[PDB]
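Each remark here refers to the structure printed beneath this line.
Letters go in sequence order (proteins before strands), and every chain restarts at 1. When reading the values below, keep in mind they use all heavy atoms of this one structure, side chains included, and skip hydrogens, waters and symmetry mates.
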Amino acid sequence: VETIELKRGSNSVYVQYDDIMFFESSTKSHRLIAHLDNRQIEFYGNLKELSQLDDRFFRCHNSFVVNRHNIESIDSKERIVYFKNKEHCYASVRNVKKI
DNA sequence: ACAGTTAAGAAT
DNA sequence: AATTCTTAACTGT
């Protein structure tokens with residue numbers, strides 16, 4: 001069991017670490033979006049604390065924390081991180097080396 | 001180094 | 001249970 005509580009104010013949703021492809025910032029202030037296989041969950045959190053949960057969670061961009069276990073491939077020239085579910089996000093110039 | 005954008009603290 | 005203001009730290013080139 002590697003469970004994370006995604007706190008939502010009137011409720012919480014619980015997911016496994018490896019259900020999560022990546023996290024990004026929401027356009028709602030102080031919310032993030034957890035990208036699961038084919039669902040997304042909005043919750044209260046910050047990307048910094050998620051990257052500190054576990055070494056699989058890597059801060060590849062100011063707006064993205066990726067789950068290394070669910071990365072399918074990486075285009076290092078375009079700085080695109082592709083996930084097993086066929087979503088993608090971006091790594092910043094300063095962080096792309098380290099993924 | 002630069003001009004523009006944004007994550008997350010403080011308050012409530 | 002959510003929202004704004006704020007500003008240091010980030011962004012790509």
Round to the nearest Å and state the distance from [X] atom [atom1] to [N] atom [atom2].
X	N	atom1	atom2	value
A/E24	B/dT6	CD	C1'	13 Å
A/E42	C/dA2	CD	P	9 Å
A/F64	C/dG12	CZ	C1'	14 Å
A/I33	B/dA7	CD1	P	11 Å
A/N95	C/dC10	CG	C1'	10 Å
A/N62	B/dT6	CG	P	9 Å
A/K28	B/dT6	NZ	P	18 Å
A/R94	B/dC2	CZ	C1'	11 Å

[X] vs [N]: side-chain N/O to OP1/OP2 distance below 4.0 Å:
X	N	answer
A/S63	B/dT6	no
A/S29	C/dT3	no
A/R59	B/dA7	no
A/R31	C/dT3	yes

Does [Y] offer a backbone N or O that forms a donor-acceptor pair with the side chain of [X] under 3.5 Å?
X	Y	answer
A/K84	A/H69	yes
A/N70	A/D19	no
A/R59	A/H61	yes
A/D54	A/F57	no

Next item on the list: Could you check C/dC10 and say if its sugar is north or south from the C1'-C2'-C3'-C4' sign?
Entry: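 North pucker for C/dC10; the sign of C1'-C2'-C3'-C4' is positive.
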Notebook entry, point to check: When you check the gap from the basic side-chain N to the acidic O, do A/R31 and A/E24 get nearer than 4.0 Å?
Noted result: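 Here A/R31 does not pair with A/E24 in a salt bridge, since their nearest N and O are not under 4.0 Å apart.
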Next item on the list: Would you state whether a donor and an acceptor, one from the side chain of A/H30 and one from the base of B/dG9, lie under 3.5 Å apart?
Entry: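 Yes, a donor-acceptor pair under 3.5 Å.
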Check: Where the side chain of A/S25 is concerned, which of C/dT13, B/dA8, B/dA7 is the nearest nucleotide?
Finding: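 Among the listed nucleotides, the one closest to the side chain of A/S25 is B/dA7.
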